[PDB]
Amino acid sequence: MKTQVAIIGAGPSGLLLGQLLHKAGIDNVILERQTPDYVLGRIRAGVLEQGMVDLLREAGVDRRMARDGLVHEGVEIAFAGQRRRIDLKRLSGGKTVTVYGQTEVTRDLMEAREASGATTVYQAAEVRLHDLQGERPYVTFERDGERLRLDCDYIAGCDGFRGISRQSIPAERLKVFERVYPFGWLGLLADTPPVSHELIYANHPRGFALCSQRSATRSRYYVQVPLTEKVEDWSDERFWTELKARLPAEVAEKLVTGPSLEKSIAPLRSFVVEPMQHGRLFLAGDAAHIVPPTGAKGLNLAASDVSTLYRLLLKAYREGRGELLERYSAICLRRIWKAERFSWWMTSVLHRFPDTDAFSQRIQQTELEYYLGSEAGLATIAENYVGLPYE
């Protein structure tokens, strides 16, 4: 077969690019390793920036989101006996964040694409990339057991952290920066009504906790657990017990507990690759960078990469200005690093670290006391949380 742009990975980064492109006339083919329902099984992301929200509207898939998504004007941070709120609306120039599950986002983009008649080959195993540096690159894969050859102009590797794309670039060409945090995130999704109309982040001597939501009758809770901990040791009972222990008395007494729909441990990591392209392969999403969930940026950065890529590809296809694709990584990384600095910061001021002396602990507490009490300090968090502008 043949096409214009070939997309690797049918996750949010890929389907968002496939949709944007289809809607602009630029044909594309999406290849996925797993089954639609497995892709749909990932709970993952819940907090979206405004830039992403508008982007979904330009992709024409926002009906459901605008009906079920909860718009949030501010968040909360709890530490040392007191709960402190951040009014994101006034402090950010009028911006806000939308709460709407990644599972939903994917479900929506997936229906959108199914309707469009655009190509989507799931269960596409043994994906290999070829001739990235030549005028004609190609992607070969196995369907059941036959080798098929897809011919394209540009390959867009949106296949996640563990994808084949980043592996397909010569190791010497890529410089990697990575930081692994000595803790994990035990996520728990319940079909209970959330404990607060807004999110609560809590720093406690036992560790980090977070109180999220998916809707009015569905909640998402996290606690900080060591990397040697296995999900099976964590029953529903003990999770609730632990969470309650890590939150404010007034917040724990309101909490409505209940059976888990999903439970799992997300290991934290920071990762950035430089650059983000090789010949005709451009990486987008987790295929290029990972940020600790603390900041709610992964999906939101994937959107900015994708936005830049669609925009640059349009300029190259219709406007015949293919030279512009060279400044991809330059544009993206700019936003990526700033996001990463906030994600690392959020993570370092809310999590308890192993083997921390008395001085750093005092600095952490003060980091919170200052940034949550200074009007200039609240702002820095506010504008970073709603998200910095796409360049």
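Residue numbers run from 1 along the displayed sequence.
- As recorded in the PDB entry, 129-137 is the stretch of 129-137 and 151-159 with the greater mean C-alpha temperature factor.
- According to the PDB record, 223-231 carries the higher mean C-alpha B-factor of the two stretches 223-231 and 258-266.
- For the set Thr241, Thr119, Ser304, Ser196, the PDB entry assigns the largest Cα B-factor to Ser196.
- If you compare the C-alpha temperature factors of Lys315, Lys175, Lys95, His289 in the entry, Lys315 comes out highest.
- For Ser348, the recorded CA temperature factor ranks within the lowest third of the chain's modelled residues.
- Per-chain ranking of the deposited C-alpha B factor places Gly373 in the middle third.
- In the deposited entry, the Cα temperature factor of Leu325 sits in the top third of values across the chain's modelled residues.
- Annotation for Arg311: C-alpha temperature factor in the middle third relative to the rest of the modelled chain, per the entry.
- The entry lists a Cα temperature factor for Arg362 that places it in the middle third of the chain's modelled residues.
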